[PDB]
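Shown next, in structure tokens, is the structure this report addresses.
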Amino acid sequence: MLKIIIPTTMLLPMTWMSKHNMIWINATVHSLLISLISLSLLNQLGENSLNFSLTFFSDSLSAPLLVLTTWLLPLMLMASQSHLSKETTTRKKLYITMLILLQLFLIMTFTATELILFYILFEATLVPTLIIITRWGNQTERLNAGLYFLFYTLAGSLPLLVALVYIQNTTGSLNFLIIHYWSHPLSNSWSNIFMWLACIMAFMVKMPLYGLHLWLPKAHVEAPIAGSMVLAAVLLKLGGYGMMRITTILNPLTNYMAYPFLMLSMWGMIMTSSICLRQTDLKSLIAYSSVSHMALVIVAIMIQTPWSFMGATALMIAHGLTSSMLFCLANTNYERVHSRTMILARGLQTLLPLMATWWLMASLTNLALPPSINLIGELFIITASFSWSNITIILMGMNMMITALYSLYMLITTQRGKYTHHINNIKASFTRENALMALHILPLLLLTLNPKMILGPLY
Amino acid sequence: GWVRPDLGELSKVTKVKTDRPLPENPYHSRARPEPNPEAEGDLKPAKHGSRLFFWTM
């Protein structure tokens, strides 16, 4: 891991001392180089996770998610040198400083060998993000969005902190391994129930949650594009990654005290998907779409089934790559039309042929048609839910309805139809935009050949 | 056959040859609490470092 953590830090002195206009070029190429180094962690033994040292260890869950972060860093850097090149060098250099620091916390968080060690940097990702939304955002409501995002996740993080230190005072160290091997069946006492809520609400408030999803429309829509990918692609998985890591000392209390959360997520995703079917903002439709998929992940964890986790990891990384790509789609129009209303810029296939295509397989991948790992993600969860309860498919499949209508509805409204008459600013798609988007979908299709890597620790 | 004592002799601290033995404990002191045993042994290094959360050393 030191083979990744140190190089990730080393970009920061380099970017801060690179030449005036070499900042993006130099940073991108080594950022791609680091992701190449991070590809080394895909190998996992048929047994205990790769434990490099007491400081850091990686399993078959962290490694697929880790590579997503490292592969991501070129994508924001390559998605941001168009809406920031008009700013001064120091502020541009500071933007790289936040992004590099944001990655470093993610790398350390996903690889933390100690539960409390996980907690610090997993929470510490707030500071680099909160700067991104509030400083470089491009709307007025970004400030209230920053408060909404920061406070909403902090309201759950603190009870987790009290819960984690309590487990320390009662069971000793919270090392992930010793926790797994030293497991005590949780009683149905009232205190254990409240301990269960503290150890869970911090992660469950973080993906979306139906009722706790109000920060995504504020944050994702108002965030800068480089940031906007991160609030939906990777940090939502931090709330995810915590769930499968923490749901090993809560069994069997999670067996019973999960119906209110399972019930909220199952019905909630139908509601929020229905929001997408009747949304006005392109980014908000994408963000609310991320809510429905992420709520599906929330459902998946709470049965504690080998098939459920097996498709849970695949769904998260598949969704994260897609949601980033769709947020690239919103950016492409946003530079030209300078507005986010959907019906403002209809008729893009006639004007931009390839960008229409890039919007095409992006929509199908969100459609979760086979064999794209979005399908292998959802379909695995369906069987796990179905075995848990047969009525689930009625609620399960009904989501597949709405996720079909709004996905093409976003496509049909924007790309197809007559082009907008009064616009005359749409130029040919920059090779940066097309190349970036190919670097999103192509590995996503390339992953389809062997999803054995992305399947997760249960496999 | 007496004599006036000059200044100082009557203020002199003088011993007296007596019979009564020294009291065993004039204050009538009770038994003392046993002091807690003192530390002993070479000051060995702390086992496995600080042992404060994830800090290895």
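To be explicit about the labels: the chains of the structure tokens are called A, B, and onward in the order shown, and within each one the residues are counted from 1, while ligands get numbers from 1 in the order they are shown.
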May I have all residues of segment 50-105 of chain A that DSSP, computed from the backbone, assigns to alpha helix (DSSP H), given as a count of residues only?
-> 34
Pick out the chain A residues within 12 Å of chain B. Count only C-alpha atoms. Give them as a VMD selection string.
-> chain A and resid 53 to 56 112 to 120 164 to 165 167 to 169 172 to 176
Excluding residue 405 of chain A and residues on its chain fewer than 2 positions from it, collect all residues at most 10 Å away from it, counting only C-alpha atoms, and give them as JSON, numbers by chain.
-> {"A": [273, 274, 276, 277, 367, 400, 401, 402, 403, 407, 408, 409, 410, 411]}
Those residues you just picked out, can you put them in a file as a PDB file, in the first residue's frame with N, CA and C atoms?
```pdb
ATOM      1  N   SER A 273     -37.208   7.193  -7.753  1.00  0.00           N
ATOM      2  CA  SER A 273     -37.185   6.940  -9.189  1.00  0.00           C
ATOM      3  C   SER A 273     -38.335   7.657  -9.876  1.00  0.00           C
ATOM      4  N   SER A 274     -39.514   7.653  -9.249  1.00  0.00           N
ATOM      5  CA  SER A 274     -40.643   8.401  -9.787  1.00  0.00           C
ATOM      6  C   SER A 274     -40.358   9.896  -9.811  1.00  0.00           C
ATOM      7  N   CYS A 276     -37.421  11.064 -10.672  1.00  0.00           N
ATOM      8  CA  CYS A 276     -36.672  11.202 -11.916  1.00  0.00           C
ATOM      9  C   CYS A 276     -37.609  11.269 -13.112  1.00  0.00           C
ATOM     10  N   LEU A 277     -38.705  10.514 -13.067  1.00  0.00           N
ATOM     11  CA  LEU A 277     -39.655  10.513 -14.170  1.00  0.00           C
ATOM     12  C   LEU A 277     -40.333  11.864 -14.349  1.00  0.00           C
ATOM     13  N   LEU A 367     -29.646   1.821 -17.771  1.00  0.00           N
ATOM     14  CA  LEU A 367     -30.800   0.947 -17.940  1.00  0.00           C
ATOM     15  C   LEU A 367     -30.558  -0.425 -17.327  1.00  0.00           C
ATOM     16  N   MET A 400     -37.422  -1.508 -11.820  1.00  0.00           N
ATOM     17  CA  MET A 400     -36.920  -1.693 -13.177  1.00  0.00           C
ATOM     18  C   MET A 400     -37.812  -1.001 -14.199  1.00  0.00           C
ATOM     19  N   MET A 401     -39.107  -0.878 -13.908  1.00  0.00           N
ATOM     20  CA  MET A 401     -40.002  -0.083 -14.738  1.00  0.00           C
ATOM     21  C   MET A 401     -39.555   1.368 -14.781  1.00  0.00           C
ATOM     22  N   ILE A 402     -39.585   2.037 -13.628  1.00  0.00           N
ATOM     23  CA  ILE A 402     -39.304   3.467 -13.598  1.00  0.00           C
ATOM     24  C   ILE A 402     -37.901   3.748 -14.114  1.00  0.00           C
ATOM     25  N   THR A 403     -36.923   2.930 -13.716  1.00  0.00           N
ATOM     26  CA  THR A 403     -35.561   3.130 -14.198  1.00  0.00           C
ATOM     27  C   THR A 403     -35.461   2.940 -15.703  1.00  0.00           C
ATOM     28  N   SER A 407     -34.843   6.838 -17.814  1.00  0.00           N
ATOM     29  CA  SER A 407     -33.532   6.765 -18.452  1.00  0.00           C
ATOM     30  C   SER A 407     -33.616   7.135 -19.926  1.00  0.00           C
ATOM     31  N   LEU A 408     -34.565   6.545 -20.653  1.00  0.00           N
ATOM     32  CA  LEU A 408     -34.759   6.932 -22.045  1.00  0.00           C
ATOM     33  C   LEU A 408     -35.431   8.293 -22.150  1.00  0.00           C
ATOM     34  N   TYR A 409     -36.274   8.642 -21.176  1.00  0.00           N
ATOM     35  CA  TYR A 409     -36.932   9.945 -21.204  1.00  0.00           C
ATOM     36  C   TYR A 409     -35.908  11.069 -21.151  1.00  0.00           C
ATOM     37  N   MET A 410     -34.873  10.908 -20.323  1.00  0.00           N
ATOM     38  CA  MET A 410     -33.763  11.852 -20.344  1.00  0.00           C
ATOM     39  C   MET A 410     -33.051  11.822 -21.689  1.00  0.00           C
ATOM     40  N   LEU A 411     -32.864  10.626 -22.250  1.00  0.00           N
ATOM     41  CA  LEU A 411     -32.266  10.505 -23.575  1.00  0.00           C
ATOM     42  C   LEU A 411     -33.160  11.134 -24.636  1.00  0.00           C
TER      43      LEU A 411
END
```
With a distance cut-off of 12 Å and only C-alpha atoms, select the neighbouring residues of residue 327 of chain A, excluding the residue or stretch itself and same-chain residues fewer than 5 positions from it, and output the selection as a ChimeraX atom specification.
-> /A:75-76,79,220-233,282-287,289-290,320-322,332-334,340,359,362-363,433,436-437,440
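The gap separating atom CA of residue 378 of chain A from atom CA of residue 205 of chain A is 21.2 Å, in Å to one decimal.
Taking atom CA of residue 50 of chain A as the reference point, atom CA of residue 62 of chain A is found at 10.5 Å.
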Residue 365 of chain A surroundings by only C-alpha atoms, 12 Å radius, close-in-sequence under 5 positions cut, as a ChimeraX atom specification | /A:315,318-323,325-326,358-360,370-378,403-404,407-408,440-442,444-445,448
Okay, now the selection with N, CA and C atoms, as a short mmCIF file (atom, residue, chain, number, x, y, z; two decimals), in the first residue's frame?
```cif
data_model
loop_
_atom_site.label_atom_id
_atom_site.label_comp_id
_atom_site.auth_asym_id
_atom_site.auth_seq_id
_atom_site.Cartn_x
_atom_site.Cartn_y
_atom_site.Cartn_z
N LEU A 315 -22.69 -3.77 -7.96
CA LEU A 315 -23.62 -2.68 -8.22
C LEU A 315 -22.99 -1.33 -7.89
N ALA A 318 -20.25 -0.44 -10.49
CA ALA A 318 -20.93 -0.22 -11.77
C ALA A 318 -21.73 1.08 -11.75
N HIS A 319 -22.46 1.33 -10.66
CA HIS A 319 -23.22 2.57 -10.56
C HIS A 319 -22.29 3.78 -10.49
N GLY A 320 -21.20 3.67 -9.74
CA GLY A 320 -20.30 4.80 -9.59
C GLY A 320 -19.69 5.24 -10.90
N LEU A 321 -19.26 4.28 -11.72
CA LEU A 321 -18.70 4.62 -13.03
C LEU A 321 -19.76 5.26 -13.92
N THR A 322 -20.99 4.74 -13.88
CA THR A 322 -22.04 5.30 -14.72
C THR A 322 -22.41 6.71 -14.28
N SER A 323 -22.69 6.89 -12.99
CA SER A 323 -23.15 8.19 -12.50
C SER A 323 -22.13 9.27 -12.80
N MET A 325 -20.17 9.20 -15.48
CA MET A 325 -20.28 9.42 -16.91
C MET A 325 -21.50 10.28 -17.24
N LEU A 326 -22.63 10.01 -16.59
CA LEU A 326 -23.80 10.85 -16.81
C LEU A 326 -23.55 12.28 -16.36
N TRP A 358 -22.46 8.73 -27.23
CA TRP A 358 -21.95 8.64 -25.87
C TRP A 358 -23.08 8.72 -24.86
N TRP A 359 -24.10 9.53 -25.15
CA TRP A 359 -25.29 9.56 -24.31
C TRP A 359 -26.11 8.28 -24.45
N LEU A 360 -25.87 7.52 -25.52
CA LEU A 360 -26.70 6.35 -25.78
C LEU A 360 -26.30 5.18 -24.88
N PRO A 370 -28.44 -6.55 -19.69
CA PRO A 370 -27.33 -7.49 -19.65
C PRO A 370 -26.45 -7.33 -20.88
N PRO A 371 -25.17 -7.71 -20.79
CA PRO A 371 -24.46 -8.26 -19.63
C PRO A 371 -23.78 -7.20 -18.78
N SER A 372 -24.07 -5.92 -19.01
CA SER A 372 -23.41 -4.85 -18.27
C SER A 372 -23.59 -5.05 -16.77
N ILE A 373 -22.49 -4.88 -16.03
CA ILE A 373 -22.46 -5.26 -14.62
C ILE A 373 -23.49 -4.54 -13.78
N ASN A 374 -24.12 -3.49 -14.31
CA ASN A 374 -25.31 -2.95 -13.65
C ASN A 374 -26.40 -4.01 -13.58
N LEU A 375 -26.61 -4.75 -14.68
CA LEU A 375 -27.56 -5.85 -14.64
C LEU A 375 -27.09 -6.94 -13.70
N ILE A 376 -25.83 -7.37 -13.81
CA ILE A 376 -25.32 -8.40 -12.92
C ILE A 376 -25.33 -7.93 -11.48
N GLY A 377 -25.32 -6.62 -11.25
CA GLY A 377 -25.48 -6.09 -9.91
C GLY A 377 -26.91 -6.21 -9.43
N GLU A 378 -27.84 -5.61 -10.17
CA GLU A 378 -29.24 -5.63 -9.75
C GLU A 378 -29.78 -7.06 -9.71
N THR A 403 -36.92 2.93 -13.72
CA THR A 403 -35.56 3.13 -14.20
C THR A 403 -35.46 2.94 -15.70
N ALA A 404 -36.47 2.34 -16.33
CA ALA A 404 -36.49 2.24 -17.78
C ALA A 404 -37.11 3.48 -18.41
N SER A 407 -34.84 6.84 -17.81
CA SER A 407 -33.53 6.76 -18.45
C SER A 407 -33.62 7.13 -19.93
N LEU A 408 -34.57 6.55 -20.65
CA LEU A 408 -34.76 6.93 -22.05
C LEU A 408 -35.43 8.29 -22.15
N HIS A 440 -14.53 6.32 -19.65
CA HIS A 440 -15.52 5.87 -18.67
C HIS A 440 -16.15 4.55 -19.10
N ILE A 441 -16.75 4.53 -20.29
CA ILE A 441 -17.60 3.41 -20.68
C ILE A 441 -16.75 2.20 -21.05
N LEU A 442 -15.62 2.42 -21.72
CA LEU A 442 -14.82 1.31 -22.22
C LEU A 442 -14.33 0.37 -21.12
N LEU A 444 -15.76 0.01 -18.33
CA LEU A 444 -17.01 -0.55 -17.84
C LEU A 444 -17.46 -1.73 -18.69
N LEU A 445 -17.36 -1.60 -20.02
CA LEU A 445 -17.60 -2.75 -20.89
C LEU A 445 -16.49 -3.79 -20.75
N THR A 448 -16.95 -6.27 -18.13
CA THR A 448 -17.97 -7.29 -18.35
C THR A 448 -17.38 -8.64 -18.71
#
```
For atom CA of residue 343 of chain A and atom CA of residue 356 of chain A, the interatomic separation in Å (one decimal) | 15.7 Å
